[PDB]
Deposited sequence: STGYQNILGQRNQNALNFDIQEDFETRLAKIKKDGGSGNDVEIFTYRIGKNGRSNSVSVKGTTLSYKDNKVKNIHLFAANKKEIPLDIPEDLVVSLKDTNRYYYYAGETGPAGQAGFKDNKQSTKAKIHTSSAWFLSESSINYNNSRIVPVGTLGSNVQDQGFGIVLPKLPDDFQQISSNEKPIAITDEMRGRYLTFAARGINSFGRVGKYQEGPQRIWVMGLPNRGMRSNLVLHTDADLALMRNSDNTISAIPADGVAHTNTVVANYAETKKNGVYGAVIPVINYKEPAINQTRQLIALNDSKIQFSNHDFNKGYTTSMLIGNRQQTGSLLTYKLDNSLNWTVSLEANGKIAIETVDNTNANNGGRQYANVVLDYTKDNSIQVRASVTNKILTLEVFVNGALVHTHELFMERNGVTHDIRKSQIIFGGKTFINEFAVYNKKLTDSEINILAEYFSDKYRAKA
């Protein structure tokens, strides 16, 4: 297939980037390609052609159609990845940066190049060592308010020799993990906390995916001003779960917790040690089915000294909560709220916005979560 005179030293890479995920609305990096020994390739009269490729909406593997799943890794049993070129479409004819569109979310982009001899006989397109994943999370003007975002599928593991590789699909938690706030695209967003991640092959989809498994430990994010309005949107996996999935420590005296019970009930627990609110337990008007994935979103906003929290399960409102911020002589200053994930939970993805998402935005995220591993 390949002409005998194409040299073996073609070098293909992404220029000036160490980040291999991008959101819709961003522009990706330029590609770069060339023969290492240019004296040799000129003497053979070889030139190059290059192109960007976008992976298809599904992968054709083992005579079936598999849903694409993200990874930031560079095999045997494990993740199913698109093959170049059968699972890609060529989208450009050069190395110039690609403007990432909404229609590219949840796909791979890869840059490839080939040698061509002076008779016009082409070699095979060759990619560099690293593909780009286009984040599945819808943007549509939301990205200026995305403050935290972690997709468990993008977690990696750090080996003894400090190299970083994919987590093996062995169904057990690993704690030597590389997990980040991916919304942070300028500075280091890798979390310093211990975040156990499980990679496993999910039979429902004949494909791997990953789950954060905190096993009742907590991860804490501080200094969130809930007066701006705030929204936490989570996707949890299809296993039985219990405990404090999400806790808002609005104050040293005021906290509000989404607590899962094993029977699928969602308890809403309020603690206020001031006289501003009583506190106690309420139950959301829902029962989770832990044999499916479920999305849980909480949006909060302050209007006229009242903090309203609304809970959306799989897109549906199932609980509204009002908390007095100024009552009976107390004033709760919630400019430095804490957002805590925890419980014996299995978290596939979470996103935090420093605004109250509209009804439309809540539905957009609920549909993304519901279709993340579904046929597209």
May I ask you to mark the stretches of the deposited sequence that the structure leaves without C-alpha coordinates?
1-82, 157-160, 463
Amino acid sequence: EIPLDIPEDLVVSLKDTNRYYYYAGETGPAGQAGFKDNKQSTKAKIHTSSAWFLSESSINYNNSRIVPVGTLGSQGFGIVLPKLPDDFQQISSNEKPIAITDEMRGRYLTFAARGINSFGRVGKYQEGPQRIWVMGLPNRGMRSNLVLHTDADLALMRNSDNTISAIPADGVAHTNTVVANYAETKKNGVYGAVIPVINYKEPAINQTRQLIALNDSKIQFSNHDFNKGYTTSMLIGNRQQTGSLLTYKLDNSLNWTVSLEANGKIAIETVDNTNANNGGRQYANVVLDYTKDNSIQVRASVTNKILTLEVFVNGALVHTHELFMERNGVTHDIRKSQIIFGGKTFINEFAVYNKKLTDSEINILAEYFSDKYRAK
From here on, numbers count along this sequence of modelled residues.
With B-factors read from the PDB entry, the higher C-alpha mean of 259-267 and 208-216 is in 259-267
Which wins on mean Cα temperature factor, 95-103 or 222-230?
222-230
Of the choices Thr27, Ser55, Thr42, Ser50, which one's C-alpha carries the largest B-factor in the record?
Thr42
Specify which of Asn117, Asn278, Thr175, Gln126 carries the largest Cα B factor in the deposited PDB entry.
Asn278
Compare the C-alpha B factor of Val69 with those of the other modelled residues in its chain, then answer lowest, middle or highest third.
lowest
Could you place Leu309 in the lowest, middle or highest third of its chain by Cα temperature factor, using the values in the record?
highest
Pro85: CA temperature factor from the record, placed by chain third, in the middle
Of the three thirds of the chain ranked by Cα temperature factor, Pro203 occupies the middle
Ranking every modelled residue in this chain by its Cα temperature factor as given in the entry, which third contains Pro168?
lowest
